[PDB]
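One chain comes next, on its own, written out as structure tokens in the form deposited in one PDB entry.
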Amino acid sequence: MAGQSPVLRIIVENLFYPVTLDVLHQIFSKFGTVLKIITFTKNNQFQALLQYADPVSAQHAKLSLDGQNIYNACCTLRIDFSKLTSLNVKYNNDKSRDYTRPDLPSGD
């Protein structure tokens, strides 16, 4: 029952400025260490997931950035606990980014 799974999923709303991982990382990397990260677009829906090192950093972080901005008053980012209690990160290229093991492939 003790899920204890630090995995938050960010969701940008209202396309405005071009974002990236280096940004989302340095962001969540403040409230806690970011083991891994991922980004994608579901039918034109920017979404970047990540995994913390401890649920404590994920709980506070979530609310610490829940419905907040990335610049001033645009690019609304929505954070929420993953569904699979984890993210699929086994490749290092551009769509994904693992800050735990750099000895991973680039997809192919």
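Numbers for residues come from their place in the sequence shown, where the first is 1.
Not pictured, yet referred to below: the form deposited with a partner chain bound.
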Counting non-hydrogen atoms within 4.5 angstroms of the partner chain in the deposited complex, say which of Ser82, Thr33, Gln59, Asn69 makes the cut.
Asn69
Taking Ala48, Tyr91 and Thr100 as a possible spot, do all three reach the partner chain in the deposited complex with a heavy atom inside 4.5 Å?
no
In the deposited complex, does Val23 come within 4.5 Å of the partner chain, counting heavy atoms only?
yes
Would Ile37 show up as a contact with the partner chain in the deposited complex if we use heavy atoms at 4.5 Å?
no
